[PDB]
């Protein structure tokens, strides 16, 4: 049957790497910082039983192209990469699942391009308008976002994050997990391989510099963000060291469509690694649910 394959495609001016397995509805899985496609290792084979799973490396990461310059990492361009990818895969629509930055991009792609997104899944990613509105008024979110401010400085964060074989990034991950020994030494080797790709760390930090700089966080302008019009599932690990529960209060207000949120009270930011089977189960059930209900109790 279908085994995992690596592939490469031109999208929106760049060459993007992805892995894919399975046949059927296109299901994109989009990672965040400081991950790459491999973050989805527990979900790919299980979802490939039902779906055509595609897990790309985003702009800047791992095997994907890394344009120079902060302006090349603005949210608008990242979402246009994903629209480009759906087309380059020979499709018009996708179910889109996004974690962390992958989720911020997914919220954005869905709001501005609802025609490309059949259903939306978000894991532990604040709605961008909630972040931009609420952060400056939330001491707990400002505290949790200490590293967003750190990342704004040029040159020096890349140096600090990469010293002693990326000890800093390893520690960021390790201190974020609810369970000990979640990553093996072997997993850490694989992550260092990706982090070490020339230009990867600078490009990753450029997402923060382009979209979460202090002028934006403390802006007096309100952000324009259309309501979400496609069925949405949010999966949320509650012990998230990066996102305050302040930012998810009344999240459903952003959605004018069927909306479900599944809380995982004992899991953290990396919910897909902490309860990988229950995450997979919830995503599958959501996608396979019929949108037409004309045979109650048959």
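Positions refer to the first chain, counted from 1.
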key: Mean temperature factor over C-alpha atoms, higher-scoring stretch between 216 to 224 and 162 to 170   = 216 to 224
ask   = Averaging C-alpha B-factors over each stretch, which comes out higher, 150 to 158 or 172 to 180?
value = 172 to 180
query = Per the entry, which of 85, 122, 139, 75 tops the list for Cα B factor?
reply = 139
query = Highest Cα B-factor in the deposition, which of 194, 210, 188, 96?
reply = 188
request  = Can you work out whether the C-alpha temperature factor of residue 278 puts it in the lowest, middle or highest third of the chain?
outcome  = middle
Residue 71 - Cα temperature factor, lowest/middle/highest third of chain = highest
ask   = Can you tell me which third, lowest, middle or highest, the CA B-factor of residue 198 falls into for its chain?
value = highest
task = Ordered by C-alpha B-factor within the chain, which third holds residue 17? Give me lowest, middle or highest, please.
result = lowest
remark   = Quick tally, chain-level thirds of C-alpha B-factors: residue 263 sits in the middle
